[PDB]
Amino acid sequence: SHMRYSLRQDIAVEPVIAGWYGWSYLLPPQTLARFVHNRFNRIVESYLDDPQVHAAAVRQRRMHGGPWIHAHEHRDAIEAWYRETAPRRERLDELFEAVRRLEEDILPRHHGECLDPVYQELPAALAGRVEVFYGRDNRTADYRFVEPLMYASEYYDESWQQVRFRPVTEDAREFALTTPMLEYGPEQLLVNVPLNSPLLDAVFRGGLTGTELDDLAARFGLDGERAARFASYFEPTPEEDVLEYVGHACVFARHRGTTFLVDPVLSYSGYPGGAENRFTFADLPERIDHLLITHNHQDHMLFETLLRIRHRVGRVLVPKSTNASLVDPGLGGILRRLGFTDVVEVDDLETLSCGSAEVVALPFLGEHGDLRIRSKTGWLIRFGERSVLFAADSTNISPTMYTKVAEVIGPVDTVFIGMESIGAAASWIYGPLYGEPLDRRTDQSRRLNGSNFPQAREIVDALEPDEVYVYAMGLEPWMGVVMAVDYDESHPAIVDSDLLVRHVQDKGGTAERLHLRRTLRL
């Protein structure tokens, strides 16, 4: 009888952890502690020291992605925020100092003898919460986190999580990763709530009466005009095979009524001036049966997108890892703290049935800065007699691997492969996680590259697909949230993608660099 309301398509709900745009490595506390200390505090202090440097940096597109505050006009509120959160920072530096002590002062004292004494000397922040052992040489001690006891600790604190609602008025997004997530304008609403909260599911599922929205707003502890603003984000609430390239590395599929979404990133709608025919949140089906993530890079598992869709998701598939290290924290446990309750980790070449499809994980090597990170896979999906490979940014640095893989998995019809063949220094993503820096020129040799032409070619030659699509190029303007979009057919990447398309056509098959949305047969 009563009117029902749902979240507007043009309102974004941005994830925030400890004051910053939320992504994987900010959830576990030991990795948060490293980022806060080695990066975020340095960004605030630098900024507070001379806001004009940042202002001046932000003024040039080519500096976008550096350690700059973009809301540089808001010095007072940023300072007030930094000042207020100083106790969060001191609690968290306890953990930072504990890991330093373990790595620098405790582990190096031992040289092959029983490691029992170490446990007796642990800092309290880590007592009961780590395991130590020797590496392959039997003499150099190392450790790993007992991940769930870390999340149970005082240092993982849900009260430091928030979302920020705001309108979306264009396709393009400003780089967000280095700016505190404050209520910078009155169109914005910053709300304290855990990212896993069923309250956010209520929000995204919608279909609420007006008095139900008020109840919800009260459960968020909103009153007054803030509740009114909240209410204003809502509006009256308005079957066979598909293969839909939606953007970057994100692909949607349907097969005999089972739905799939790989490497999810979606754009918004309801505002004038954006590009036509984009696949947005409004275009999603009711249920996403299988959500597949290839690896733990920002551009392939976007928190903002994951939360907006959580309520529709059945099962999440992801790469398996037990490293339980600062460079390679447990991905399934991250997704579970985001509130995904049915997450399955898949090892190399394991197979899982999904609806009428079969999924197989494929070895993914490279693009991780030669770090010890196990959390990465390609996904092969067999949809009946048609098989599709999502390779994401996986490389072909290991000659023959794909030949050996083909011998086991058989033929593949279609391949999606990414060709960001020149990428970031591995330290611009991972550097705050190091114990210390590498010498600058050495570091510079460690980069996050996808396949170049030759590599991509050998992949194709080895698997013999009829269709090849290059993808994951960070061209869509909404990807700017997380990376520096700036195209031009000089860029070696574009050249190489072209060479590859060439190559595949010459050999008598279809190929194309996908750029915006594309329907495909399957």
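So that there is no doubt, residue numbering starts at 1 and follows the sequence shown.
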Note to self: Between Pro238 and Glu239, how many residues of the deposited sequence have no coordinates in this entry: none, 1 to 3, 4 to 9, or 10 or more?
What the structure shows: 10 or more
Next item on the list: Decide which of the stretches 409-417 and 190-198 has the higher mean C-alpha B-factor, going by the entry.
Entry: 409-417
Next item on the list: Tell me which of 486-494 and 52-60 has the higher mean C-alpha B-factor in the deposited entry.
Entry: 486-494
Notebook entry, point to check: Say you rank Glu345, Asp439, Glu385, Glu350 by Cα B-factor from the PDB entry; which sits at the top?
Noted result: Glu385
Checklist line | Residue with highest C-alpha B-factor in the PDB entry, from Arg88, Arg129, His295, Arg310 | finding: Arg88
Check: Would the CA B-factor of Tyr471 place it in the lowest, middle or highest third of its chain?
Finding: middle
Checklist line | Chain thirds of CA B-factor: placement of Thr322 | finding: lowest
Notebook entry, point to check: Ranked by Cα temperature factor within the chain, is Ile288 in the lowest third, the middle third or the highest third?
Noted result: middle
Check: Relative to the other modelled residues in the chain, which third contains the C-alpha temperature factor of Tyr82: lowest, middle or highest?
Finding: highest
Checklist line | Third of chain Cα B-factors occupied by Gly274 | finding: highest
